[PDB]
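Structure first, commentary second.
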Amino acid sequence: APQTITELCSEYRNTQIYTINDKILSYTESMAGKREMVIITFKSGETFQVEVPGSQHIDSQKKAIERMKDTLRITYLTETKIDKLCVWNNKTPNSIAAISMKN
Amino acid sequence: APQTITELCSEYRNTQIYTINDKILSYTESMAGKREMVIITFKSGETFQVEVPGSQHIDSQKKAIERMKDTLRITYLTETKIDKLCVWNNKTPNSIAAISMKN
Amino acid sequence: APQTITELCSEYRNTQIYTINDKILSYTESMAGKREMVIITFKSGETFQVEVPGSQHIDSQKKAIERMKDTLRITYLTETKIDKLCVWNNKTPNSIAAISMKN
Amino acid sequence: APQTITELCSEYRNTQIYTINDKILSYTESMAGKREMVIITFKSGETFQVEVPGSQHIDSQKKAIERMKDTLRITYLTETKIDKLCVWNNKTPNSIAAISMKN
Amino acid sequence: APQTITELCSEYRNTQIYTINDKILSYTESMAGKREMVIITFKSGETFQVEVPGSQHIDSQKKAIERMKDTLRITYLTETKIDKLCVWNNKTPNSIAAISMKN
Ligand SMILES: CC(=O)N[C@H]1[C@H](O[C@@H]2[C@@H](O)[C@H](O)O[C@H](CO)[C@@H]2O)O[C@H](CO)[C@@H](O[C@@H]2O[C@H](CO)[C@H](O)[C@H](O)[C@H]2O)[C@@H]1O
Ligand SMILES: CC(=O)N[C@@H]1[C@@H](O)[C@H](O[C@@H]2O[C@H](CO)[C@H](O)[C@H](O)[C@H]2O)[C@@H](CO)O[C@H]1O
Ligand SMILES: CC(=O)N[C@@H]1[C@@H](O)[C@H](O[C@@H]2O[C@H](CO)[C@H](O)[C@H](O)[C@H]2O)[C@@H](CO)O[C@H]1O
Ligand SMILES: CC(=O)N[C@@H]1[C@@H](O)[C@H](O[C@@H]2O[C@H](CO)[C@H](O)[C@H](O)[C@H]2O)[C@@H](CO)O[C@H]1O
Ligand SMILES: OC[C@H]1O[C@@H](O)[C@H](O)[C@@H](O)[C@H]1O
C-alpha cells in the first residue's frame, strides 16, 4: 500500500497535490437534496468539496466519504493545520480524495 | 457544484440566507415520537429547526439530516460562531438546509 | 413544529418540564441485557433515564434514542449546564423525551 | 427501571461492583480477528474488558457494546474519573456490564 | 481473553509489537477507491496503516476497522501518546492489529 499521500495520489488519474500548510478558513455543510456535501476554503483563496455520493463512487467509498466529512468538521473546529490535499481536478470545486496533517 | 452557501441556497425554492455571525444561544433535542428533531435559537431572537425526517426528504438526505444535528450540537458545545444559515422559509421554525462557519 | 421545549412537551400525555439549570452530577451507562440504558442524576436529587428501546417506541425514535444517550455523555463530560428536561412521568426514574441547554 | 449502578448490578448473577474512584491508566483496543475488544487497566492493578460480541449477547446488546467502547475511549482521553464498574466476574479479565462517573 | 496488548499480539501469526511511547507525527486519510485507508507516521521514521477492508477480514472486524481509524484520528488530534502497536509485519506499511495508550 502507499506510504504517503503523494504516493497514493500518484495512483489515480485526474489528481494533484495541493500543499496547504494551513488551517481551514471556512466550513460549509449542506443537507439540501442532491447537494449533500461539504465545502471548505482557505485564506489562499482555494476552495474544495467532498462530493455528493454518486455512481463515480464504489460501495467501499460510502463510509469513507462520511469519514472525510467527519474529519473536515473536527479539523475546522480544532484549527488543525492541514498539510496536503490530494484532489480530483476534473471537478469544480476540486474534489478531496485524501488529506494529510502533520504535527 | 456550488462554491459558497449563497450559491447553494439560490438553487432551491422557498429558501433564504440568514447572516448569523454568532454562536448558538440554546440547543434543544427531542426523541419524542413524531418530533425527533433539533431546535436552535440565537440571542437575535431567531429560531431554526432541523426537520423530522419525512417524505419531503430523499434517501440521500437521511445521513445528511443526522450529520446536521451532529454539527449543531458540537457547534453549540464549542461556542463556535456560525456565519450563515440557508433555510427553507416555508416551515415554522425555518428549516435548516445548510450552515457555514468562518474562522 | 414546536419552537421551544415547553411547547414540544405540551404535545404529549404523561409529560412535564423539569427546570434543571445545572450540570449532570452522575452518568451511568449499562450494556447489560434488557437494561441497555443511561441514568443521570443531579445534585438536586433528581434521577432520569433514557429508556431501553421497546414497543412504546416507533422506528423513527431508534436513532433519536441513540442520539439522546450520545448527548447526555458529552454534556456530562463537558460539564455543560442543562436548562430543561421534558420527561415522561409514568416511568421510574422519569424518562427523558427532550433536553435543552442554554448559553 | 434501576436508579443506580448498584441496583442494576444486583439484577444479574455473576456480577459485582468495583469502586474505582480513578481515571483509566491504560486503554487497549484490538481489531484482530476473534479479539475485537477493549481492555482497560487502573493503577490499582485491576484489569477489565469489554467482551468480543458473541452468543452470550442478545441483539439489543450489540449497539450497547459499541457505545461502551466509545465511552471508555473518551473517558480515557479526557482523564475522566470512573466511580464504579459493574462487572461479570465469571470472565478473565472481568467483563464490564455498566459504568458510572460522578462529578 | 488476553489481559495486555503483548498477550493479544502473541496469539497471531505475522505480528510483532512496536513500542512507540510517542504521539503521532502525521495522519493521512484517503477516500479514494480501493485505497480507503489511514496511514500514520512517527518521528522515529516508522509508518503504519489501517488496511483497506478485504477478504483477509471477517465480518466481526468491519466495525473494529472503523473504530481503529476513529481512534487514530482523535489520538492524533489530542496529541495522545501511544504506548504500543501490535502490527502485522507481512504488509507494507505494517498493518495495525491493536493499539495501547498509557497515562
Ligand atoms: C478467517 C481467518 O481467520 N482468516 C485469517 C487466515 O485464517 C487462516 C484460516 O483460513 C486457515 O484455514 O487456518 C489458518 C490457521 O491454521 C489461518 O487462521 O489467516 C490469514 C493469514 O495468516 C489471515 O490474514 C491476516 O489478516 C489480517 C487482518 O485480519 C492481516 O491483514 C494480516 O496481514 C493477514 O495475514 C486471516 O486473518
Ligand atoms: C467503479 C470505478 O472504478 N469508477 C471510476 C470512477 O471512480 C472515476 O471517476 C472519478 O471518481 C472520483 C471519486 O471516486 C471523482 O469523483 C473523480 O472526479 C472522478 O473522475 C472514473 C473516471 O476516472 O472511472 C471510473 O472507472
Ligand atoms: C423528491 C423531491 O425532490 N422533492 C422536493 C422537496 O424536497 C421539496 O420540499 C422541500 O423539502 C425540503 C427538505 O428537502 C424542506 O422540507 C422544504 O420545506 C420543502 O418544501 C418540494 C417542494 O418545493 O419539491 C420537491 O420536488
Ligand atoms: C406505539 C406507540 O405509538 N405508542 C404510543 C406511545 O408513544 C405512548 O407511550 C409512551 O412512550 C414513550 C416513549 O415513546 C414513553 O415510554 C412513555 O412513558 C410512554 O407512556 C403511549 C401512552 O400515551 O401512547 C401510545 O399510543
Ligand atoms: O451479556 C453478556 C453476559 O452474559 C452472561 O449470561 C455471561 O455469564 C456474562 O459473563 C456476560 O458475558
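Each chain of the C-alpha cells is named A, B, ... in the order shown, its residues numbered from 1; ligands are numbered from 1 in display order.
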
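Taking only C-alpha atoms and all ligand atoms into account, every polymer residue with at least one atom at most 8 Å away from ligand 1 is listed here: residues 31, 32 and 33 of chain D; 12, 13, 14, 51, 56, 57, 58, 61, 88, 89, 90, 91, 95 and 97 of chain E.
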
Sorted by chain and rising residue number, which residues of chain A lie within 9 Å of chain B, and what are their closest atom pairs and distances in Å to one decimal, counting only C-alpha atoms, as a Markdown table?
| residue | atom | partner | partner_atom | distance |
| --- | --- | --- | --- | --- |
| A:24 | CA | B:103 | CA | 7.8 |
| A:25 | CA | B:103 | CA | 5.3 |
| A:26 | CA | B:102 | CA | 4.2 |
| A:27 | CA | B:101 | CA | 5.4 |
| A:28 | CA | B:100 | CA | 4.2 |
| A:29 | CA | B:99 | CA | 5.5 |
| A:30 | CA | B:98 | CA | 4.1 |
| A:31 | CA | B:64 | CA | 4.9 |
| A:32 | CA | B:97 | CA | 5.2 |
| A:33 | CA | B:61 | CA | 6.1 |
| A:34 | CA | B:60 | CA | 7.4 |
| A:35 | CA | B:8 | CA | 7.9 |
| A:36 | CA | B:64 | CA | 6.2 |
| A:37 | CA | B:64 | CA | 8.3 |
| A:39 | CA | B:3 | CA | 6.9 |
| A:40 | CA | B:3 | CA | 8.8 |
| A:41 | CA | B:3 | CA | 9.0 |
| A:47 | CA | B:3 | CA | 7.0 |
| A:48 | CA | B:3 | CA | 8.1 |
| A:49 | CA | B:3 | CA | 8.2 |
| A:51 | CA | B:1 | CA | 8.4 |
| A:52 | CA | B:60 | CA | 8.8 |
| A:53 | CA | B:60 | CA | 8.1 |
| A:66 | CA | B:63 | CA | 8.8 |
| A:70 | CA | B:67 | CA | 8.7 |
| A:73 | CA | B:71 | CA | 8.0 |
| A:76 | CA | B:103 | CA | 8.5 |
| A:77 | CA | B:80 | CA | 7.7 |
| A:79 | CA | B:103 | CA | 8.5 |
| A:91 | CA | B:1 | CA | 8.0 |
| A:92 | CA | B:1 | CA | 6.0 |
| A:93 | CA | B:3 | CA | 6.4 |

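One distance worth recording is that between atom CA of residue B:42 and atom CA of residue B:19, which is 11.5 Å.
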
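Considering only chain D, backbone DSSP assigns helix (DSSP H, G or I) to residues 5, 6, 7, 8, 9, 10, 61, 62, 63, 64, 65, 66, 67, 68, 69, 70, 71, 72, 73, 74, 75, 76 and 77 of chain D.
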
Can I get the selected residues back with C-alpha atoms, as a PDB file, in the first residue's frame?
ATOM      1  CA  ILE D   5     -25.493   1.167  39.100  1.00  0.00           C
ATOM      2  CA  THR D   6     -25.642  -0.901  42.322  1.00  0.00           C
ATOM      3  CA  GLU D   7     -29.389  -1.582  41.851  1.00  0.00           C
ATOM      4  CA  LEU D   8     -28.785  -2.533  38.206  1.00  0.00           C
ATOM      5  CA  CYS D   9     -25.814  -4.752  39.065  1.00  0.00           C
ATOM      6  CA  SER D  10     -27.880  -6.617  41.697  1.00  0.00           C
ATOM      7  CA  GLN D  61     -26.772  -5.510  23.382  1.00  0.00           C
ATOM      8  CA  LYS D  62     -24.932  -5.032  20.023  1.00  0.00           C
ATOM      9  CA  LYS D  63     -25.225  -1.204  19.889  1.00  0.00           C
ATOM     10  CA  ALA D  64     -24.697  -1.052  23.667  1.00  0.00           C
ATOM     11  CA  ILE D  65     -21.362  -2.953  23.376  1.00  0.00           C
ATOM     12  CA  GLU D  66     -20.169  -0.435  20.739  1.00  0.00           C
ATOM     13  CA  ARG D  67     -21.334   2.512  22.927  1.00  0.00           C
ATOM     14  CA  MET D  68     -19.424   1.154  25.964  1.00  0.00           C
ATOM     15  CA  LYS D  69     -16.161   1.008  23.957  1.00  0.00           C
ATOM     16  CA  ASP D  70     -16.869   4.589  22.715  1.00  0.00           C
ATOM     17  CA  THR D  71     -17.399   5.638  26.363  1.00  0.00           C
ATOM     18  CA  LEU D  72     -14.173   4.033  27.615  1.00  0.00           C
ATOM     19  CA  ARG D  73     -12.035   5.710  24.882  1.00  0.00           C
ATOM     20  CA  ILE D  74     -13.346   9.210  25.516  1.00  0.00           C
ATOM     21  CA  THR D  75     -13.213   8.648  29.312  1.00  0.00           C
ATOM     22  CA  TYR D  76      -9.550   7.617  28.899  1.00  0.00           C
ATOM     23  CA  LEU D  77      -8.709  10.619  26.676  1.00  0.00           C
TER      24      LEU D  77
END

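Within stretch 2-92 of chain B, the backbone-based DSSP assignment of strand (DSSP E or B) covers residues 15, 16, 17, 18, 19, 20, 21, 22, 26, 27, 28, 29, 30, 37, 38, 39, 40, 41, 47, 48, 49, 50, 82, 83, 84, 85, 86, 87 and 88 of chain B.
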
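Pairwise distance (atom 18 (O, counted along the ligand's line) of ligand 4, atom CA of residue C:18) equals 15.5 Å.
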
Query raised in the report: Any idea what's packed within 7 Å of residue A:81, counting only C-alpha atoms, ignoring anything in its chain fewer than 6 positions away? Could you give it as number ranges by chain?
Result: A: 21-23, 101

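Relative to atom 18 (O, counted along the ligand's line) of ligand 3, atom CA of residue B:46 is found at 17.2 Å.
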